Every structure is written in C-alpha cells, then in structure tokens.
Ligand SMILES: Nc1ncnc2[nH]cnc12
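Form solved without adenine, single chain, as structure tokens, below.
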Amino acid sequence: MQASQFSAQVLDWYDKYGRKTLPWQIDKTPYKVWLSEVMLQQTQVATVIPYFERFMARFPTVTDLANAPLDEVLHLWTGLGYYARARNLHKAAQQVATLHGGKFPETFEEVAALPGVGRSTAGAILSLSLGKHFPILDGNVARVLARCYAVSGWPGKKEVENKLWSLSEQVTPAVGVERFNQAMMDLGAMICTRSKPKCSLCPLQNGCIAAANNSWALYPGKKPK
C-alpha cells in the first residue's frame, strides 16, 4: 500500500468513526494537547478525562500551573500514577513561564526542549493543536506501522526505531495532519491492539502485511531473550 493510499484511507476512516469530541479536542491549544498527551502516556483515556477536566479548571493556563506549588500539582495528580510525569509537567510549565513569557511554544525545538516532552510528544502537540507537519510515533502508532509494513525487529533497537520513524514520516500527510495523527493513535489504541487486533474494523486491512499473513503477533518484534 502506497503512502498516499495509507493516509487517504486513515483520513476517510477518521471522518466516519474517529472520536473528535474529547475535552482536549475542543478549542485545542498547545497547552491542552500537551497536558492531555502527558496524562495519556501511561494512563487509559477513561481514567484521564476527570483529571484533565480538574486540571484545566484549576489551571486554566500554563502560567497558573507554573505558579502553583508542586505539592498542589502532585495532590491533584493523585491516582494517575507515574508521578515523574507530574514533576516534569510542573518544571516544563515553569520553563514556559520563565523562557517563553507564559505562551506555550509553537516551534518544535522549543517544545522538545521541555522536560517530559519527547520527539513524538512535541510532534503531537504542534500537529494536533496547530496542524504543523510533524509525524508521531508512540507504542500504539509503532504497532500499526510495524504490522502494516512487517517490521519484525525490536523497537528498542536504534535501527528499528529509525526505520519506524521513516515509515511514519512517509505516511504522514501535511494536509489534514491533525486528523491523521489523532486517527493513528485511535487505531493503535482501539483497533490494532497488542492482542487479537480487530483487523476487519481496520482501514488498513486491505494492504496490511500482518493481516494478509495473520502474523500480527510477530510485529513489532519483542526484546530478545
């Protein structure tokens, strides 16, 4: 399946089935996308929604989050687990207030410079909130790509990771990137699951290698032992 076909089929799918009404999808801003991405990294969406709403109410802007005492941030985070995310979240908020005048950065370099923000997250923030042309690659997106293009190596390996980043770059369009990237995350989270993927409900089923050979269990490769 060519790249043009890949994005086109994903976009058509998103239009008809994709969720576009979550709290962090309404009146999107870099701040809301960032906050949600960090909460979603290690936590299920259902659990995240109430916390996101509580955070946005208490911290309407990044400067409000920055000026707040860390103890208050951790108290509100209670129940989400993986508190390192919270600690970095607060530091990043303070970095935005200090270095960027309270305006969450809208350029890749500045975003990726924040604590707790990686290449994929920075790309997600700018693409989802401003439509900037950046590809993403988290565990969910990587699984979809690895299966579709049969990448059997372990993503923990440098060459494999770079290979997956190349594939994401190839299929990610500029036109409609905000929709494409959200769709990819949705597919990997709801359709292309680790176990028994719902291939019949997948928009890439007609070109996916793993589906053609019923070999989804081989991709991505597991850490050798």
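Residue positions are given as counts along the sequence shown, with the first one as 1.
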As the entry reports it, the stretch among 197-205 and 14-22 with higher mean C-alpha B factor is 14-22
The stretch carrying the higher mean Cα B factor in the deposited entry, 85-93 or 130-138, is 130-138
Among 156, 60, 30, 50, the highest C-alpha B-factor in the PDB entry belongs to 156
From the entry's CA B-factor values, the highest among 181, 43, 67, 36 is 43
On the chain's distribution of Cα B-factors, residue 108 falls within the third called highest
Assert third(CA B-factor, residue 101) within chain per record equals highest
Sorting the chain's modelled residues by C-alpha B-factor and splitting them into thirds places residue 189 in the highest
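Another form exists, solved in complex with adenine; not displayed. Remarks below refer to it.
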Can you tell me whether residue 182 touches adenine? I mean in the entry with it bound, with a 4.5 angstroms heavy atom cut-off. yes
Report yes if any heavy atom of residue 160 sits within 4.5 Å of a heavy atom of adenine in the entry with it bound; otherwise report no. no
Using 4.5 Å between non-hydrogen atoms, is residue 64 touching adenine in the entry with it bound? no
### Query
Could you tell me if residue 138 has a non-hydrogen atom within 4.5 Å of adenine in the entry with it bound?
yes
Hey, with adenine in the entry with it bound, do 37, 40 and 45 all fall inside the 4.5 Å heavy atom range? yes
For adenine in the entry with it bound, the stretch among 51-59, 183-191, 66-74, 167-175 with residues bearing a heavy atom within 4.5 Å is 183-191
